[PDB]
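Counted the way PDB author numbering counts, the sequence shown spans residues 6 to 746, 749 to 887. For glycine and all other residues, C-beta sits at the position ideal for the given N, C-alpha and C. Notes to accompany the following structure.
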Amino acid sequence: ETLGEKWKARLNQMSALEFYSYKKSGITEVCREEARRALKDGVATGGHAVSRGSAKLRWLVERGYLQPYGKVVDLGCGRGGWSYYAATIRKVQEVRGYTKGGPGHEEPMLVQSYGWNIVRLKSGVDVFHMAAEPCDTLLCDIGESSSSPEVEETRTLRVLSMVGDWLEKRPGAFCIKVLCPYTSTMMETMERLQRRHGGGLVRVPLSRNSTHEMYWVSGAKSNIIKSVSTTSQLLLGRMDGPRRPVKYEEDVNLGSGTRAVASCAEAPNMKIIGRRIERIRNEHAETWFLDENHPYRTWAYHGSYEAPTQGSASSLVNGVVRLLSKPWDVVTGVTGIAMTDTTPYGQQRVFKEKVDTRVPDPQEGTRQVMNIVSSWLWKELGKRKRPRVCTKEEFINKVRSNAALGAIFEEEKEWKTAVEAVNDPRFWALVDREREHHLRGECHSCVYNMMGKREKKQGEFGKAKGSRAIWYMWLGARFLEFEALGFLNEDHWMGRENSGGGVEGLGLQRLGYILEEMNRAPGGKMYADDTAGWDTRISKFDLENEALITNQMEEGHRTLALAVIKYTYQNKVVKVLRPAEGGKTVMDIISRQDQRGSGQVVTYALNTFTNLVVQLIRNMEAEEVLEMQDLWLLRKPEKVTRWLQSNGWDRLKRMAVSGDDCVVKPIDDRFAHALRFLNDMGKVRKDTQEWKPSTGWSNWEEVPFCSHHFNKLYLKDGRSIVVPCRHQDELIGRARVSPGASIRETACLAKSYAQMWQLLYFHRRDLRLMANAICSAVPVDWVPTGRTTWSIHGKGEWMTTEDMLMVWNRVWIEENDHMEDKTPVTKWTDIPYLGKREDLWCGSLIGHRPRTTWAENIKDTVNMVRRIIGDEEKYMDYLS
Ligand SMILES: Nc1ncnc2c1ncn2[C@@H]1O[C@H](CSCC[C@H](N)C(=O)O)[C@@H](O)[C@H]1O
Ligand SMILES: [Zn+2]
Ligand SMILES: [Zn+2]
């Protein structure tokens, strides 16, 4: 037995009074009182560290034991105080932390300390099953104390086995937690590892006397046994004599704000945007300034001005759906879904990692192939359709109740609602004036608005997730878009009849028929690889190839669409909100040149187009029509125009494309590894290694498309329908949330979900029962409200006070083109369910005792909810 085992053995023989008195005896501490008071109260600014760990690392760094720089990795991230500290050192550029989290472990915390923009914390990571990655600074703080020294030993040997792979990559600075450095085996192991990787062992005064932990740092050259046994001398010494007091030091203040970053700001053609930048600047001249610490990598920066906050992070629960869905109060999948954080911080922290990218320009051969396929496709789409300008009256008849103004300049902010503006002559005077500027070769007000999109998604770090970015221009500039390129949407250019592979206009009830069609054609498996962040992978050359419609128009229409495209789509000026220092928020004016905004009038069209192009090109690489040399320079383009002229349409009919989503049935499975052109075009797949072959489905029913799969069910009378399905937890979870706004206002928002379930997901036993329960518990004469899906394929047939079997017969029998027999179904009892196995697989709960009890007492619970909503309204019994 060594000195360490002496310390641990004497420690184990202690009692409550002994251990409590000994724990903090003579150690050093930081006043973490105001830190936890503010962290519990809320404030994300003010510079408060998220844990005591931040105090350890700093004490090391300021002593020279560690010199952080470059990319930091924080294994065993925890709350992440080590990451948030590292984000402050000047020579640090990027920080990425990983931790287990979940049940029992602390989850990463979200704070706005100086440099939070260079920190990416990921929870749910088990770093013992992680693959090592190169890094310039490696940090580890993993060691769970044990009463037994054997357990502490084997645990620390597990840790030191893990970290080795990371240390082979030769990191410049490192700081590992050694829980048990005192046993003989551990001293030998640390001796050989000290020989191989160097560094030393340091005892931090801030560690409590109840643990022998030491930190393996780079900037130490001490002897292993000398350091370990000297620390054992210190702790054993402290076990004897009177208890000595603690030395208190003020905790570290990490400031607040964001770091400046190395920029790849592509020169922004100041001739195009200078006038708009000047207009914004002069409009807010009193508080215009250049933030020296803006966090924009792949965007240009022009200035900021002080502006109030907007957006919300709150998520309210719909008590009616909750009360009527008890068995899912324990299911993690549905109880974790909530609204996203659309505040400046909540959007920004998704922006910095998902929107502030720059995709490298593809090789020239790929540029040529893209131009050929785009020209051919455009030509094919205009075979029996003609471009045309859309009109003020079409636009007026298209502006609905929920259409946002978007006023940016003083002129544009004169109306409350959109319909109030369109019926005003001064609005169209703004339109005319700006279009005159367009016809003079200028642009003075087509400026984008960016913010976060309130969505119902699963949370991250046990809190509400961040918000996906959405941007759109004000009403007048949107009108100019509609004028120019609106014909794409109005005349259904991308419809299945014209685009061949498109599915524009169709609803959620029809796509499954399309997929069943696609399966009948001979070929390989079906591939529905989604692209990761489409709107950020639309390159300058994709915009080029999409502008090739202007060579299909008359001269005036061409010049109009080439004022929109060039002055807006090819040069984007965006206004965003960002949290500044001291808790205030600010407006940033930025500008880039190579992405597709979410709210461009023709976004679904152009996206579906470019996606068709991409899938065609991939079909070419798969059928060996292209070769690995073709990326650099294309040899014999005629090898392409012949492939397109020969089999192009016969390939488009093998696709179902809806924007970024798509399904492709190729001629064989070579499509699985046709990755060179796909990757070179920036359309990197989702949820895979870049060069791993693609995986597909031999069962057309299991294929994902537009967030659903589709199943063919047979009615009682022999007929058949093809219905959309998804995992039930997303449906109930999405149903249990409310976007901020009486009980009536909620109960209606519940009836909408219940009727949508009665219309689309009637084949999910639980959702049908719960639909009858909600509708039985909600007053009959109450009109539904709210939104139940963001899908462009969710048409809203359920948002009515009309009987539901009527609309079911209408959309599944009467107006069903794939249903030839029109004999309507007379009772809900004749409409089938999914198979019990297929129902279970997608998240059914049938056969489980809890939900059988729920279904038995469902009527009594309905009467309960009738008590809660109101007892003098009229109700109906749909459960029968
Ligand atoms: N197997 C594992 N894989 C990843 N993380 C783990 C893990 N086992 C434990 N952890 C987590 O690693 C964390 C280390 S605590 C260190 C936290 C950080 N240094 C700070 O300043 O707050 C613990 O919270 C623990 O929950
Ligand atoms: Zn303009
Ligand atoms: Zn299913």
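**OP:** Indicate, with yes or no, if ligand 2 has a heavy atom lying under 7 Å from the CB of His443.
**Re:** True, at least one ligand heavy atom lies under 7 Å from that Cβ.
Original post:
What three-state label does DSSP hand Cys730 in the structure shown?
Top reply: Strand, per DSSP.
**OP:** Enumerate in chain order the residues of its own chain whose CB-to-CB distance from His825 is below 6 Å, with the five nearest sequence positions on each side excluded.
**Re:** Excluding residues within five positions, the ones whose Cβ falls inside 6 Å are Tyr518.
Original post:
With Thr161 and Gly588 assumed to form a contact (beta carbons below 8 Å), what rounded beta-carbon distance in angstroms separates them?
Top reply: About 42 Å separates the two Cβ atoms, so there is no contact after all.
Original post:
Exposed or buried, which one is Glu486 when buried takes at least 16 other CB atoms within 10 Å?
Top reply: Counting every other CB atom within 10 Å of its CB across the protein chains shown gives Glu486 a total of 16 or more, marking it as buried.
**OP:** Return yes when the C-beta of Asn716 is under 7 Å from any heavy atom of ligand 3, and no when it is not.
**Re:** For ligand 3, at least one heavy atom lies less than 7 Å from the Cβ of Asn716.
**OP:** Report the three-state DSSP secondary structure of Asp437 (helix, strand or coil).
**Re:** DSSP places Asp437 in the helix class (H, G or I) of the three-state scheme.
Original post:
Thinking C-beta only, is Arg681 closer than 8 Å to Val669?
Top reply: A distance of 8 Å or more separates the beta carbons of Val669 and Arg681.
**OP:** May I ask you to check if the CB of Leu165 is nearer than 7 Å to at least one heavy atom of ligand 3?
**Re:** Checking the Cβ of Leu165 against ligand 3 gives no.
Original post:
If we ignore side chains and look at the alpha-carbon of each, how far apart do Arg213 and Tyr70 end up?
Top reply: Taking the straight line joining both Cα atoms gives about 20 Å.
Subject >> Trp87 Cβ short of 7 Å to ligand 1 heavy atom set >> reply: At least one heavy atom of ligand 1 is nearer than 7 Å to the Cβ of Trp87, so yes.
Subject >> Residues sharing a beta bridge with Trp702, DSSP >> reply: Residue pairing by DSSP puts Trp702 in a beta bridge opposite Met531.
Original post:
Do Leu328 and ligand 3 come close, with the Cβ less than 7 Å from some heavy atom?
Top reply: Relative to ligand 3, even the nearest heavy atom lies 7 Å or more away from the CB of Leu328.
Original post:
Between which two residues does the beta strand (DSSP E) carrying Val325 extend?
Top reply: Counting along the chain, no beta strand (DSSP E) covers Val325; the unbroken alpha helix (DSSP H) around it starts and ends at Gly324 to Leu329.
Original post:
Thinking C-beta only, is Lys691 closer than 8 Å to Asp535?
Top reply: Yes; because the gap between Cβ atoms is below 8 Å, this pair is in contact.
Subject >> Beta-carbon separation (whole angstroms), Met531 vs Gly653, contact threshold 8 Å >> reply: Not really, about 20 Å apart at Cβ, beyond 8 Å.
Original post:
Taking the C-alpha atoms as reference points, what is the distance between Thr188 and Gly205?
Top reply: Answer to the nearest angstrom: the Cα atoms are 17 Å apart.
**OP:** Could you check the C-alpha separation between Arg440 and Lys571 for me, to the nearest Å?
**Re:** Straight-line Cα distance between these residues: approximately 14 Å.
Original post:
Where does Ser504 fall in DSSP's three states?
Top reply: It is helical.
**OP:** Could you tell me the boundaries of the beta strand (DSSP E) in which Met114 lies?
**Re:** Premise fails: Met114 is in no beta strand (DSSP E) and is neither H nor E.
**OP:** State the DSSP-derived secondary structure class of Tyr574, mapped to helix, strand or coil.
**Re:** Under the three-state reduction of DSSP, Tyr574 is assigned to helix.
Original post:
Whole alpha helix (DSSP H) runs in the region 662-728 with 4 or more residues, listed along the chain?
Top reply: DSSP runs (the alpha helix (DSSP H)) wholly in the region 662-728: 681-685.
Original post:
Taking one C-beta from the region 470-483 and one from the region 124-133 each time, how about it: are there three or more such pairs within less than 8 Å?
Top reply: Judged by Cβ distances under 8 Å, the region 470-483 makes no contact with the region 124-133, as fewer than three pairs qualify.
Original post:
When DSSP builds the beta bridges, which residues end up paired with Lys127?
Top reply: BP columns for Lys127 point to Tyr103.
Subject >> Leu841: CB within 7 Å of a non-hydrogen atom of ligand 3 >> reply: Yes, since a heavy atom of ligand 3 falls inside the 7 Å radius drawn around the Cβ of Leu841.
Original post:
Taking the beta strand (DSSP E) that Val591 falls in, what are its first and last residues?
Top reply: Run containing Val591: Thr590 to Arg597, per the beta strand (DSSP E) assignment.
Original post:
Below 8 Å between beta carbons: does that hold for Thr555 and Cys448?
Top reply: Cβ distance not < 8 Å, so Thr555 and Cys448 don't count as in contact.
**OP:** Jot down the residue ranges of each uninterrupted beta strand (DSSP E) in the region 47-103, minimum 3 residues, whole runs only, in chain order.
**Re:** Given a length threshold of 3 residues, each whole run of the beta strand (DSSP E) inside the region 47-103 is given here in chain order: 75-80 and 97-103.
Subject >> Validate contact between the region 367-381 and the region 767-783 using beta carbons, cut 8 Å, 3 pairs >> reply: No, they do not touch.
**OP:** Assuming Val569 and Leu720 form a contact by the criterion Cβ under 8 Å, report the distance between their Cβ atoms to the nearest whole angstrom.
**Re:** 49 Å between Cβ atoms; not a contact.
Original post:
Where does the unbroken beta strand (DSSP E) through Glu34 begin, and where does it stop?
Top reply: For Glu34, the uninterrupted beta strand (DSSP E) segment begins and ends at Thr33 to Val35.
Original post:
Since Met191 is in the alpha helix (DSSP H), which residue starts that stretch and which ends it?
Top reply: Unbroken alpha helix (DSSP H) run through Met191: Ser189 to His202.
Subject >> C-alpha gap between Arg873 and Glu416, whole angstroms >> reply: Distance between the alpha carbons of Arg873 and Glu416: 51 Å.
**OP:** Determine the direct distance from the alpha carbon of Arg741 to that of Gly324, and round the result to whole angstroms.
**Re:** So the two alpha carbons sit approximately 8 Å from each other.
Original post:
Hey, is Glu521 close to ligand 3, as in C-beta under 7 Å from one of its heavy atoms?
Top reply: No.
Subject >> Residues near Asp665 by beta carbon distance below 8 Å, same chain, minus five either side >> reply: So the qualifying residues of the chain are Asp535, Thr536, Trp539, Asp540, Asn612 and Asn616.
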